[PDB]
Amino acid sequence: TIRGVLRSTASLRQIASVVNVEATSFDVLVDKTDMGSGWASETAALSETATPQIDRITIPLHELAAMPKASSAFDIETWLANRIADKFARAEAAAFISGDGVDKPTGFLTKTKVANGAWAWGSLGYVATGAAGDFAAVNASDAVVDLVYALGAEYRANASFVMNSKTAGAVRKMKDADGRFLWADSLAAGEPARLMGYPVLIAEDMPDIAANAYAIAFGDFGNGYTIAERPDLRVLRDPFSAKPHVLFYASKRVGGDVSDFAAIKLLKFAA
Amino acid sequence: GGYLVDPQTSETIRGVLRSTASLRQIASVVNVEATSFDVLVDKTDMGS
Amino acid sequence: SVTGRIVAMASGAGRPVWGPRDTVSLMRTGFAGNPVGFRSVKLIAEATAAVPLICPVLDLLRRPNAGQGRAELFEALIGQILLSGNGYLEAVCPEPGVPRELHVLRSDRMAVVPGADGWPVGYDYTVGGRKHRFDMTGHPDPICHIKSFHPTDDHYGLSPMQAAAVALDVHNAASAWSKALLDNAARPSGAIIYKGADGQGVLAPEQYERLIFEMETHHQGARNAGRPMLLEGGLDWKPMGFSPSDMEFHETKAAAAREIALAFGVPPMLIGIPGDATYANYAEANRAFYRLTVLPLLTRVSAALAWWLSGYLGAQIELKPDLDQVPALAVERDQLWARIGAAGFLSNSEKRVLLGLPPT
Amino acid sequence: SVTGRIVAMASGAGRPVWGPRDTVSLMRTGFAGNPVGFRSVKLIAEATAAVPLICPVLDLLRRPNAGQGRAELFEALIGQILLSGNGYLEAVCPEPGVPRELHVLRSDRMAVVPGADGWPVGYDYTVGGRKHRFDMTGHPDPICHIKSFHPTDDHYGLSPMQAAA
């Protein structure tokens, strides 16, 4: 049996809202503001209090394609089908997190972030850690806990952290003034998988800790990020074009950006 | 509210209608499979 | 069981296992390609459909679905077992018991999933790039998976065509040898060699149309067979032959045409291939056919329908071949009725109970 | 039926369809030419005439016309079916019921007409350059057209001599 390198599988697919769509695009419809109702006066005109301005966000439903040429110990049809499904499960994971606008789903990091407390609708909110290189030196994890408690109590019913491996490394490297590992205290524990009472998703397409990078996200992505897709995978078992190489054609179409800008909060490693 | 409402389309993609009379109706067609066909006519008649 | 739990995690739980690569190509080259591989499956699949069964549930089997009768179902079912070693039957159950739909799912586009404990949890019907993921983590288990015996594989059958895959390619290419030999071959019935005064010399197109017209008119054809053919100076007629005339891979095709019939288990007498007389007079070879490769095959599938469909019922039902009023086994029925009918010592009711009669 | 109405207008309604070209040459080269093809038709056509029938109407069959007996009729009838896949029987009806004449029309000189709805309206007996145009737009339909089975053609038979050509 032919082996391959085992890549990361966690993909933000299982915590975001997966919607089977059949058309060319998926239009989510979110109001931007409140009703604005006031307490009425007993002798006043009292008319036209306000109306929420709605907004259509378009999931463009892009397509993803990989085209390998095939060029009896192991059987290529099953193996290449088990590799290209993995690559389509992994290459859309980068687009879900840091994809840009052109021909691919725009990830939640590329949505013009604004510091929380001055949060408006068109952006995502972040909280600063302190010094630019890493977590704060005096009190580590204060950035983590106020990232949790700067989101909103309705979305924190089912919210999760999104990191890569070597940011969860730097989280588990946090220790008290005796060096006793605030998260998973002993050297015998392991991954506790319940950071601050919330699950952790190790998604490798997140950036690592840098001068300004947003290496930790937290949110109810079921309301936040909408993955609209078509469930099938095209299989053109092509017997033409090149006699020498089969050149199988496999494509899945998928789209997605943020549906709710209040659900996702980011951790900026700066001041 | 303008994004909330979307138009209804027709049931079929319809086209401009063009004529069907083609002289195929009045000429004589043959069910043939070949690369050529050879009619056999008599330019003149025998001397009598 | 306990061994199975270890076996799963070796191949990979939750992921599809495909098995045979070429089973989509052996069908076109071995069942739509040669008549011997075609007739051998058609001889068996039309025999297992003809055998009656012994039990309600058979009312489903008589009319499974629209456009696919009782006899047409087992031709589709056994026709997948002989071709690819695996039989599949989807059941659609609007009702809880005895689901009123059966569908022979083709085994090219079906793949197994080993699951946790080694016994399967998923079957994946993959056409194009589109899947279905049938679920086996329940009690009714909506697909019966009939396996032919495979000693090396843990999830599929052996498909006798795979065992005859060399003898198919001999019989396909020896038959295509003689086709393209009759289509690419230049035999002449002679050659009029014209040397000339030199060692080489052409003849002018004036002389050459004279040479065609005396050959076209006076020498070729049945009606000019044997004209005495004056040859002047320079001309000469060398008659060519054709030294292998008959019999281009004639016995190696006929030996391979027997090994295909050997693998599916049909006798050479039933299918019509030539060969030495093994069986005598068709009372045996048809009786051998319904005893070595039909009724063992049919009692193995019917034992799986007796258990899969009983998972939809409350009470378990047996379902076996009739092995009675199947007219190829009449020589085993003459031989057993005349033995006990001539045994006059034991009384009348003592032999109705032996032959299978309702006693009186 | 409904498919037939569409089939007609493809070939051409009201115009004769001829079918086999060589059926006049397979007779001279395959039935007057070799003894094996000669005896094979004579072995069958003299066998179908010898078989009795079970029914009045058979009084017509026993004596169809002058100089052409009961056994001589089926030798002429089956002898056209084995040769050219088609059998023809003209009926002359001075009287309305049970017409007292039967004639095996040879299938070299007969041609069909598809007509409007695909099922035939005309049969054309063409000898020399002269035609007759029998009419099928009525109930008694004066020619029975016995077809051998032909899978590709819609109007004629297959004529086993064509398969052994």
# chains A, B, ... in the order shown; residues from 1 in each chain; ligands from 1
$ closest_atom_pairs --of "chain A" --to "chain B" --cutoff "12 Å" --atoms "only C-alpha atoms" --output "JSON lines"
{"residue": "A:27", "atom": "CA", "partner": "B:3", "partner_atom": "CA", "distance": 9.3}
{"residue": "A:28", "atom": "CA", "partner": "B:4", "partner_atom": "CA", "distance": 9.9}
{"residue": "A:29", "atom": "CA", "partner": "B:4", "partner_atom": "CA", "distance": 7.4}
{"residue": "A:30", "atom": "CA", "partner": "B:4", "partner_atom": "CA", "distance": 10.0}
{"residue": "A:31", "atom": "CA", "partner": "B:1", "partner_atom": "CA", "distance": 9.6}
{"residue": "A:32", "atom": "CA", "partner": "B:1", "partner_atom": "CA", "distance": 11.9}
{"residue": "A:51", "atom": "CA", "partner": "B:1", "partner_atom": "CA", "distance": 9.8}
{"residue": "A:52", "atom": "CA", "partner": "B:1", "partner_atom": "CA", "distance": 9.1}
{"residue": "A:53", "atom": "CA", "partner": "B:1", "partner_atom": "CA", "distance": 7.3}
{"residue": "A:54", "atom": "CA", "partner": "B:1", "partner_atom": "CA", "distance": 6.3}
{"residue": "A:55", "atom": "CA", "partner": "B:3", "partner_atom": "CA", "distance": 6.9}
{"residue": "A:56", "atom": "CA", "partner": "B:3", "partner_atom": "CA", "distance": 6.2}
{"residue": "A:57", "atom": "CA", "partner": "B:3", "partner_atom": "CA", "distance": 9.8}
{"residue": "A:58", "atom": "CA", "partner": "B:3", "partner_atom": "CA", "distance": 11.0}
$ write_last_selection --atoms "N, CA and C atoms" --output "mmCIF file, in the first residue's frame"
data_model
loop_
_atom_site.group_PDB
_atom_site.id
_atom_site.type_symbol
_atom_site.label_atom_id
_atom_site.label_comp_id
_atom_site.auth_asym_id
_atom_site.auth_seq_id
_atom_site.Cartn_x
_atom_site.Cartn_y
_atom_site.Cartn_z
ATOM 1 N N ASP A 27 -26.830 34.042 -0.867
ATOM 2 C CA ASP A 27 -27.011 35.409 -0.391
ATOM 3 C C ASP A 27 -27.511 35.374 1.044
ATOM 4 N N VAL A 28 -26.673 35.775 1.973
ATOM 5 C CA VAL A 28 -27.132 35.886 3.346
ATOM 6 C C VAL A 28 -27.611 37.311 3.580
ATOM 7 N N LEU A 29 -28.617 37.453 4.437
ATOM 8 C CA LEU A 29 -29.341 38.709 4.600
ATOM 9 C C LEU A 29 -29.332 39.097 6.067
ATOM 10 N N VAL A 30 -28.503 40.073 6.416
ATOM 11 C CA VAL A 30 -28.289 40.464 7.801
ATOM 12 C C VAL A 30 -28.638 41.935 7.935
ATOM 13 N N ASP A 31 -29.437 42.277 8.939
ATOM 14 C CA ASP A 31 -29.644 43.681 9.247
ATOM 15 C C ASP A 31 -28.443 44.239 10.000
ATOM 16 N N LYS A 32 -28.123 45.491 9.728
ATOM 17 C CA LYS A 32 -26.904 46.084 10.242
ATOM 18 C C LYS A 32 -27.102 46.725 11.608
ATOM 19 N N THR A 51 -35.675 51.758 11.406
ATOM 20 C CA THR A 51 -35.889 50.505 10.716
ATOM 21 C C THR A 51 -34.500 49.950 10.435
ATOM 22 N N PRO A 52 -34.265 48.657 10.670
ATOM 23 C CA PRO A 52 -32.919 48.098 10.479
ATOM 24 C C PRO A 52 -32.572 48.030 9.003
ATOM 25 N N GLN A 53 -31.479 48.683 8.622
ATOM 26 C CA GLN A 53 -31.050 48.633 7.233
ATOM 27 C C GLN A 53 -30.438 47.268 6.947
ATOM 28 N N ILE A 54 -31.052 46.531 6.035
ATOM 29 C CA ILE A 54 -30.578 45.186 5.763
ATOM 30 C C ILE A 54 -29.443 45.230 4.751
ATOM 31 N N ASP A 55 -28.692 44.139 4.694
ATOM 32 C CA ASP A 55 -27.521 44.043 3.847
ATOM 33 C C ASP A 55 -27.402 42.606 3.378
ATOM 34 N N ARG A 56 -27.188 42.446 2.082
ATOM 35 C CA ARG A 56 -26.979 41.152 1.453
ATOM 36 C C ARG A 56 -25.485 40.948 1.293
ATOM 37 N N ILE A 57 -24.972 39.896 1.897
ATOM 38 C CA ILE A 57 -23.594 39.482 1.690
ATOM 39 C C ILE A 57 -23.610 38.267 0.779
ATOM 40 N N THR A 58 -22.801 38.312 -0.273
ATOM 41 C CA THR A 58 -22.820 37.296 -1.311
ATOM 42 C C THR A 58 -21.676 36.314 -1.110
#
$ interface_residues --of "chain C" --to "chain A" --cutoff "12 Å" --atoms "only C-alpha atoms" --output "list in words"
residues 10, 11, 12, 15, 16, 17, 18, 19, 20, 21, 22, 23, 24, 109, 111, 126, 127, 128, 129, 130, 131, 132 and 133 of chain C
$ write_last_selection --atoms "N, CA, C and O atoms" --output "PDB file, in the first residue's frame"
ATOM      1  N   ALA C  10      -5.393  -0.798  11.028  1.00  0.00           N
ATOM      2  CA  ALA C  10      -4.275  -0.943  10.105  1.00  0.00           C
ATOM      3  C   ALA C  10      -4.588  -0.293   8.765  1.00  0.00           C
ATOM      4  O   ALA C  10      -3.787   0.483   8.236  1.00  0.00           O
ATOM      5  N   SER C  11      -5.759  -0.607   8.205  1.00  0.00           N
ATOM      6  CA  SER C  11      -6.165  -0.049   6.920  1.00  0.00           C
ATOM      7  C   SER C  11      -6.647   1.392   7.052  1.00  0.00           C
ATOM      8  O   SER C  11      -6.432   2.206   6.151  1.00  0.00           O
ATOM      9  N   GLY C  12      -7.300   1.718   8.162  1.00  0.00           N
ATOM     10  CA  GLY C  12      -7.812   3.058   8.373  1.00  0.00           C
ATOM     11  C   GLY C  12      -9.319   3.116   8.531  1.00  0.00           C
ATOM     12  O   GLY C  12     -10.069   2.845   7.590  1.00  0.00           O
ATOM     13  N   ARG C  15     -12.558   5.443   6.398  1.00  0.00           N
ATOM     14  CA  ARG C  15     -12.109   5.787   5.062  1.00  0.00           C
ATOM     15  C   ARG C  15     -12.424   4.661   4.092  1.00  0.00           C
ATOM     16  O   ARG C  15     -12.341   3.487   4.457  1.00  0.00           O
ATOM     17  N   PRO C  16     -12.801   4.991   2.857  1.00  0.00           N
ATOM     18  CA  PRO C  16     -13.236   3.951   1.918  1.00  0.00           C
ATOM     19  C   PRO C  16     -12.084   3.081   1.438  1.00  0.00           C
ATOM     20  O   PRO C  16     -10.982   3.564   1.171  1.00  0.00           O
ATOM     21  N   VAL C  17     -12.351   1.783   1.335  1.00  0.00           N
ATOM     22  CA  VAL C  17     -11.412   0.805   0.802  1.00  0.00           C
ATOM     23  C   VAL C  17     -11.993   0.281  -0.501  1.00  0.00           C
ATOM     24  O   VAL C  17     -13.128  -0.207  -0.526  1.00  0.00           O
ATOM     25  N   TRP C  18     -11.212   0.353  -1.574  1.00  0.00           N
ATOM     26  CA  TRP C  18     -11.725   0.119  -2.918  1.00  0.00           C
ATOM     27  C   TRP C  18     -11.532  -1.312  -3.399  1.00  0.00           C
ATOM     28  O   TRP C  18     -12.424  -1.861  -4.053  1.00  0.00           O
ATOM     29  N   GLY C  19     -10.385  -1.921  -3.124  1.00  0.00           N
ATOM     30  CA  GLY C  19     -10.126  -3.268  -3.570  1.00  0.00           C
ATOM     31  C   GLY C  19      -9.629  -3.368  -4.996  1.00  0.00           C
ATOM     32  O   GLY C  19      -8.621  -2.760  -5.366  1.00  0.00           O
ATOM     33  N   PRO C  20     -10.313  -4.174  -5.813  1.00  0.00           N
ATOM     34  CA  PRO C  20      -9.890  -4.361  -7.207  1.00  0.00           C
ATOM     35  C   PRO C  20      -9.897  -3.110  -8.067  1.00  0.00           C
ATOM     36  O   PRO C  20     -10.866  -2.348  -8.092  1.00  0.00           O
ATOM     37  N   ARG C  21      -8.795  -2.906  -8.793  1.00  0.00           N
ATOM     38  CA  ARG C  21      -8.658  -1.731  -9.695  1.00  0.00           C
ATOM     39  C   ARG C  21      -9.338  -2.042 -11.031  1.00  0.00           C
ATOM     40  O   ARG C  21     -10.165  -1.225 -11.479  1.00  0.00           O
ATOM     41  N   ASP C  22      -8.988  -3.181 -11.636  1.00  0.00           N
ATOM     42  CA  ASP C  22      -9.404  -3.493 -12.993  1.00  0.00           C
ATOM     43  C   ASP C  22     -10.787  -4.065 -13.248  1.00  0.00           C
ATOM     44  O   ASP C  22     -11.110  -4.355 -14.405  1.00  0.00           O
ATOM     45  N   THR C  23     -11.597  -4.253 -12.199  1.00  0.00           N
ATOM     46  CA  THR C  23     -12.914  -4.874 -12.326  1.00  0.00           C
ATOM     47  C   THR C  23     -13.872  -4.113 -13.237  1.00  0.00           C
ATOM     48  O   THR C  23     -14.876  -4.686 -13.662  1.00  0.00           O
ATOM     49  N   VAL C  24     -13.593  -2.847 -13.541  1.00  0.00           N
ATOM     50  CA  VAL C  24     -14.380  -2.127 -14.534  1.00  0.00           C
ATOM     51  C   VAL C  24     -13.889  -2.427 -15.940  1.00  0.00           C
ATOM     52  O   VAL C  24     -14.633  -2.237 -16.908  1.00  0.00           O
ATOM     53  N   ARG C 109     -19.221   0.671  -8.656  1.00  0.00           N
ATOM     54  CA  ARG C 109     -19.286   1.978  -8.039  1.00  0.00           C
ATOM     55  C   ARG C 109     -19.550   1.911  -6.547  1.00  0.00           C
ATOM     56  O   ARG C 109     -19.841   2.938  -5.937  1.00  0.00           O
ATOM     57  N   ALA C 111     -18.088   0.942  -2.641  1.00  0.00           N
ATOM     58  CA  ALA C 111     -16.875   0.778  -1.859  1.00  0.00           C
ATOM     59  C   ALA C 111     -17.243   0.608  -0.393  1.00  0.00           C
ATOM     60  O   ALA C 111     -18.218   1.183   0.081  1.00  0.00           O
ATOM     61  N   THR C 126     -20.325   5.398  -5.354  1.00  0.00           N
ATOM     62  CA  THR C 126     -19.588   6.512  -5.953  1.00  0.00           C
ATOM     63  C   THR C 126     -19.726   6.483  -7.470  1.00  0.00           C
ATOM     64  O   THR C 126     -19.010   5.741  -8.146  1.00  0.00           O
ATOM     65  N   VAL C 127     -20.608   7.311  -8.017  1.00  0.00           N
ATOM     66  CA  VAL C 127     -20.697   7.522  -9.458  1.00  0.00           C
ATOM     67  C   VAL C 127     -20.283   8.953  -9.779  1.00  0.00           C
ATOM     68  O   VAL C 127     -20.740   9.906  -9.133  1.00  0.00           O
ATOM     69  N   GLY C 128     -19.371   9.100 -10.739  1.00  0.00           N
ATOM     70  CA  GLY C 128     -18.805  10.399 -11.024  1.00  0.00           C
ATOM     71  C   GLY C 128     -17.836  10.790  -9.933  1.00  0.00           C
ATOM     72  O   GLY C 128     -16.740  10.234  -9.830  1.00  0.00           O
ATOM     73  N   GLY C 129     -18.237  11.749  -9.112  1.00  0.00           N
ATOM     74  CA  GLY C 129     -17.483  12.110  -7.933  1.00  0.00           C
ATOM     75  C   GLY C 129     -18.423  12.221  -6.758  1.00  0.00           C
ATOM     76  O   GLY C 129     -18.075  12.757  -5.703  1.00  0.00           O
ATOM     77  N   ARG C 130     -19.627  11.692  -6.939  1.00  0.00           N
ATOM     78  CA  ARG C 130     -20.736  11.890  -6.022  1.00  0.00           C
ATOM     79  C   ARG C 130     -20.971  10.609  -5.233  1.00  0.00           C
ATOM     80  O   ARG C 130     -20.965   9.517  -5.806  1.00  0.00           O
ATOM     81  N   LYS C 131     -21.198  10.749  -3.932  1.00  0.00           N
ATOM     82  CA  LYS C 131     -21.262   9.620  -3.018  1.00  0.00           C
ATOM     83  C   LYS C 131     -22.634   9.519  -2.372  1.00  0.00           C
ATOM     84  O   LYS C 131     -23.496  10.379  -2.550  1.00  0.00           O
ATOM     85  N   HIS C 132     -22.836   8.440  -1.627  1.00  0.00           N
ATOM     86  CA  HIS C 132     -24.081   8.359  -0.876  1.00  0.00           C
ATOM     87  C   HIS C 132     -23.882   8.078   0.606  1.00  0.00           C
ATOM     88  O   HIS C 132     -24.613   8.645   1.419  1.00  0.00           O
ATOM     89  N   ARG C 133     -22.929   7.208   0.967  1.00  0.00           N
ATOM     90  CA  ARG C 133     -22.640   6.799   2.348  1.00  0.00           C
ATOM     91  C   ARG C 133     -23.876   6.178   3.011  1.00  0.00           C
ATOM     92  O   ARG C 133     -24.593   6.792   3.800  1.00  0.00           O
TER      93      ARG C 133
END
$ closest_atom_pairs --of "chain B" --to "chain D" --cutoff "10 Å" --atoms "only C-alpha atoms" --output "Markdown table"
| residue | atom | partner | partner_atom | distance |
| --- | --- | --- | --- | --- |
| B:25 | CA | D:9 | CA | 9.2 |
| B:27 | CA | D:12 | CA | 9.8 |
| B:28 | CA | D:12 | CA | 7.2 |
| B:29 | CA | D:11 | CA | 7.0 |
| B:30 | CA | D:11 | CA | 6.5 |
| B:31 | CA | D:11 | CA | 6.8 |
$ residues_around --residues "residue C:118" --least-positions-apart "5" --cutoff "8 Å" --atoms "only C-alpha atoms" --output "MDAnalysis selection string"
chainID C and resid 1 4:8
$ write_last_selection --atoms "N, CA and C atoms" --output "short mmCIF file (atom, residue, chain, number, x, y, z; two decimals), in the first residue's frame"
data_model
loop_
_atom_site.label_atom_id
_atom_site.label_comp_id
_atom_site.auth_asym_id
_atom_site.auth_seq_id
_atom_site.Cartn_x
_atom_site.Cartn_y
_atom_site.Cartn_z
N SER C 1 -13.92 -10.55 14.99
CA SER C 1 -14.33 -10.01 16.31
C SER C 1 -13.15 -9.26 16.94
N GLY C 4 -10.67 -8.51 14.50
CA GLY C 4 -11.18 -7.49 13.56
C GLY C 4 -10.91 -6.08 14.04
N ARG C 5 -11.03 -5.84 15.34
CA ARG C 5 -10.84 -4.47 15.89
C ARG C 5 -9.42 -4.00 15.57
N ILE C 6 -8.44 -4.91 15.70
CA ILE C 6 -7.02 -4.61 15.37
C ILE C 6 -6.87 -4.43 13.86
N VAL C 7 -7.57 -5.25 13.06
CA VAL C 7 -7.41 -5.20 11.57
C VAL C 7 -7.85 -3.82 11.06
N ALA C 8 -8.95 -3.28 11.59
CA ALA C 8 -9.47 -1.98 11.10
C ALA C 8 -8.37 -0.91 11.11
#
$ residues_around --residues "residue D:64" --least-positions-apart "6" --cutoff "7 Å" --atoms "only C-alpha atoms" --output "number ranges by chain"
D: 70, 100-102
$ select_by_dssp --residues "stretch 155-251 of chain A" --states "strand (DSSP E)" --output "ChimeraX atom specification"
/A:160-163,200-202,214-219,225-229,234-236,249-251
$ select_by_dssp --residues "stretch 149-281 of chain C" --states "helix (DSSP H, G or I)" --output "NGL selection string"
:C and (160-163 or 165-183 or 205-216 or 250-264 or 268-271)
$ residues_around --residues "stretch 46-52 of chain D" --least-positions-apart "2" --cutoff "12 Å" --atoms "only C-alpha atoms" --output "list in words"
residues 39, 40, 41, 42, 43, 44, 54, 55, 58, 61, 62, 69, 70, 71, 72, 73, 74, 75, 76, 77, 78, 79, 81 and 82 of chain D
$ residues_around --residues "residue A:213" --least-positions-apart "4" --cutoff "8 Å" --atoms "only C-alpha atoms" --output "PyMOL selection string"
chain A and resi 207-209+268-269
$ closest_residue --among "C:342, C:294, C:254, C:275" --to "residue C:36" --atoms "only C-alpha atoms"
C:254
$ residues_around --residues "residue D:25" --least-positions-apart "3" --cutoff "12 Å" --atoms "only C-alpha atoms" --output "ChimeraX atom specification"
/D:20-22,28-33,83-84,108,161-162,165
$ decode --residues "stretch 2-18 of chain B" --atoms "N, CA, C and O atoms" --output "PDB file, in the first residue's frame"
ATOM      1  N   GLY B   2     -34.521  46.435  -0.280  1.00  0.00           N
ATOM      2  CA  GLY B   2     -34.411  46.132  -1.694  1.00  0.00           C
ATOM      3  C   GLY B   2     -33.667  44.857  -1.997  1.00  0.00           C
ATOM      4  O   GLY B   2     -33.846  44.291  -3.078  1.00  0.00           O
ATOM      5  N   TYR B   3     -32.826  44.394  -1.072  1.00  0.00           N
ATOM      6  CA  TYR B   3     -32.164  43.109  -1.238  1.00  0.00           C
ATOM      7  C   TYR B   3     -33.058  41.948  -0.856  1.00  0.00           C
ATOM      8  O   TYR B   3     -32.770  40.810  -1.237  1.00  0.00           O
ATOM      9  N   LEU B   4     -34.119  42.211  -0.093  1.00  0.00           N
ATOM     10  CA  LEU B   4     -34.958  41.139   0.425  1.00  0.00           C
ATOM     11  C   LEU B   4     -35.767  40.495  -0.685  1.00  0.00           C
ATOM     12  O   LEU B   4     -36.018  39.285  -0.665  1.00  0.00           O
ATOM     13  N   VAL B   5     -36.183  41.280  -1.653  1.00  0.00           N
ATOM     14  CA  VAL B   5     -37.097  40.818  -2.683  1.00  0.00           C
ATOM     15  C   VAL B   5     -36.335  40.579  -3.987  1.00  0.00           C
ATOM     16  O   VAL B   5     -35.437  41.344  -4.361  1.00  0.00           O
ATOM     17  N   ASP B   6     -36.651  39.471  -4.650  1.00  0.00           N
ATOM     18  CA  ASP B   6     -35.990  39.046  -5.871  1.00  0.00           C
ATOM     19  C   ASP B   6     -37.011  38.725  -6.948  1.00  0.00           C
ATOM     20  O   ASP B   6     -38.094  38.219  -6.644  1.00  0.00           O
ATOM     21  N   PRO B   7     -36.697  39.005  -8.212  1.00  0.00           N
ATOM     22  CA  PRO B   7     -37.680  38.832  -9.284  1.00  0.00           C
ATOM     23  C   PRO B   7     -37.920  37.368  -9.621  1.00  0.00           C
ATOM     24  O   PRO B   7     -37.117  36.485  -9.328  1.00  0.00           O
ATOM     25  N   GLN B   8     -39.067  37.129 -10.251  1.00  0.00           N
ATOM     26  CA  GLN B   8     -39.423  35.832 -10.799  1.00  0.00           C
ATOM     27  C   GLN B   8     -39.090  35.821 -12.282  1.00  0.00           C
ATOM     28  O   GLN B   8     -39.386  36.780 -12.992  1.00  0.00           O
ATOM     29  N   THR B   9     -38.477  34.743 -12.750  1.00  0.00           N
ATOM     30  CA  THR B   9     -38.099  34.628 -14.150  1.00  0.00           C
ATOM     31  C   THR B   9     -39.116  33.786 -14.905  1.00  0.00           C
ATOM     32  O   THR B   9     -40.048  33.221 -14.330  1.00  0.00           O
ATOM     33  N   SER B  10     -38.924  33.718 -16.215  1.00  0.00           N
ATOM     34  CA  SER B  10     -39.760  32.877 -17.052  1.00  0.00           C
ATOM     35  C   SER B  10     -39.429  31.405 -16.839  1.00  0.00           C
ATOM     36  O   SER B  10     -38.390  31.050 -16.281  1.00  0.00           O
ATOM     37  N   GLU B  11     -40.329  30.536 -17.302  1.00  0.00           N
ATOM     38  CA  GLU B  11     -40.106  29.110 -17.093  1.00  0.00           C
ATOM     39  C   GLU B  11     -39.144  28.529 -18.122  1.00  0.00           C
ATOM     40  O   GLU B  11     -38.453  27.548 -17.831  1.00  0.00           O
ATOM     41  N   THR B  12     -39.082  29.109 -19.319  1.00  0.00           N
ATOM     42  CA  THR B  12     -38.220  28.626 -20.388  1.00  0.00           C
ATOM     43  C   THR B  12     -37.445  29.791 -20.976  1.00  0.00           C
ATOM     44  O   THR B  12     -37.981  30.892 -21.123  1.00  0.00           O
ATOM     45  N   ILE B  13     -36.182  29.547 -21.308  1.00  0.00           N
ATOM     46  CA  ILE B  13     -35.429  30.497 -22.114  1.00  0.00           C
ATOM     47  C   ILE B  13     -36.016  30.523 -23.519  1.00  0.00           C
ATOM     48  O   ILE B  13     -35.955  29.535 -24.259  1.00  0.00           O
ATOM     49  N   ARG B  14     -36.634  31.643 -23.877  1.00  0.00           N
ATOM     50  CA  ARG B  14     -37.375  31.753 -25.123  1.00  0.00           C
ATOM     51  C   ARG B  14     -36.574  32.519 -26.159  1.00  0.00           C
ATOM     52  O   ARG B  14     -35.671  33.293 -25.839  1.00  0.00           O
ATOM     53  N   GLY B  15     -36.939  32.295 -27.419  1.00  0.00           N
ATOM     54  CA  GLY B  15     -36.181  32.814 -28.528  1.00  0.00           C
ATOM     55  C   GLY B  15     -37.066  33.537 -29.521  1.00  0.00           C
ATOM     56  O   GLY B  15     -38.289  33.404 -29.517  1.00  0.00           O
ATOM     57  N   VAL B  16     -36.411  34.338 -30.362  1.00  0.00           N
ATOM     58  CA  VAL B  16     -37.069  34.901 -31.529  1.00  0.00           C
ATOM     59  C   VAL B  16     -37.442  33.771 -32.479  1.00  0.00           C
ATOM     60  O   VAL B  16     -36.693  32.802 -32.650  1.00  0.00           O
ATOM     61  N   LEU B  17     -38.647  33.847 -33.037  1.00  0.00           N
ATOM     62  CA  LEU B  17     -39.177  32.780 -33.874  1.00  0.00           C
ATOM     63  C   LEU B  17     -38.862  33.062 -35.337  1.00  0.00           C
ATOM     64  O   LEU B  17     -39.188  34.134 -35.855  1.00  0.00           O
ATOM     65  N   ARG B  18     -38.239  32.094 -35.996  1.00  0.00           N
ATOM     66  CA  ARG B  18     -37.866  32.206 -37.395  1.00  0.00           C
ATOM     67  C   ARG B  18     -38.537  31.092 -38.184  1.00  0.00           C
ATOM     68  O   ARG B  18     -39.018  30.109 -37.615  1.00  0.00           O
TER      69      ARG B  18
END
